[PDB]
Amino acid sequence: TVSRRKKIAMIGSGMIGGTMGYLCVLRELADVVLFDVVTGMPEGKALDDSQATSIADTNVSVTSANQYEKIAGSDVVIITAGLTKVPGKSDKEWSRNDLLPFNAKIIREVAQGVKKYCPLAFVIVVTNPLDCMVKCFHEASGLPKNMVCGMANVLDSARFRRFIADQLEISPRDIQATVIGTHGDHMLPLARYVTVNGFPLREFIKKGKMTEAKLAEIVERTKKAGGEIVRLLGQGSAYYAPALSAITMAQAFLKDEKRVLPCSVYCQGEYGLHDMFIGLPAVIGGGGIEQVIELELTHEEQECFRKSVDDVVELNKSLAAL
């Protein structure tokens, strides 16, 4: 075989892992390995997803595994391995930060597997607490700084954009709305940078297409979106938009698209941040994280951002203290 297919390993074959494998089948993006510690269920997802290639009229290989040697040769690795909720807690008390002691353990295990079998892969961490887990994976795996990132802000921005799109009655394709920062209650939806095909939202508000109170409400909804879905589902958390967000990132790498997709990235001076990962606008291409966009935040915005930073910083301190 002179021209081999792209290969993506889904470390974690739950709701998101399986849905991402499905997206690969639909777009014929790459061969898929549905890895997981659970036996049985992954083979079931693998069979379901592979059988879908017939109807999709595409041809990629979807298999399951529980041995890390199976992910060797992966171009991309998307990690969803972990718990979605704390055993016992109610949905009313769902908190991403509480998954720390449970998932760090899992992420470290995965890091060792990747370091050993596919150290040249581009890694996309999904597992929560996202920003903390990406840093955890980076340290444990030893992979280059530009080849590791966490999917979060693309999802947050998707919500931000959809809400605005509904109000303005314009397609979300033409709404540029970005959320940066830690993926949690202190994420920062950049209201001042929201544009309609480049045109500042401020101009649409001055014309009565949206009220300042509605924008504020949309900014709040964006932050609460994840918990809202957790509350409404009853079982687990969001997986459709999250799966597409991660795959969109994977494709940007695979096809060297150079798409601007906000994701938790390694900081070396940007925004005055050092030795940590946090959500920021970035460009993803064949070189991994090729650009970290440094925006000129206002003082008011810097305060909000600093609080968002405190969250990861304390989260990372708790991680170390274990």
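Residue numbers here begin at 1 and follow the sequence given.
Here the stretch with the larger average CA B-factor, out of 249-257 and 274-282, is 274-282. Annotation for 130-138 versus 238-246: the higher mean temperature factor (C-alpha) is found in 130-138. Highest C-alpha temperature factor among 64, 67, 61, 58, as the PDB entry reports it: 67.
Ranked against the other modelled residues of its chain, the C-alpha B-factor of residue 43 as given in the entry falls in the middle third.
In this PDB entry, the Cα temperature factor of residue 94 sits in the top third of its chain's modelled residues, the highest group. The deposited CA B-factor of residue 36 belongs to the middle third of values across its chain. Ranked against the other modelled residues of its chain, the C-alpha B-factor of residue 156 as given in the entry falls in the lowest third. When the modelled residues of the chain are ordered by C-alpha B-factor, residue 173 sits in the lowest third.
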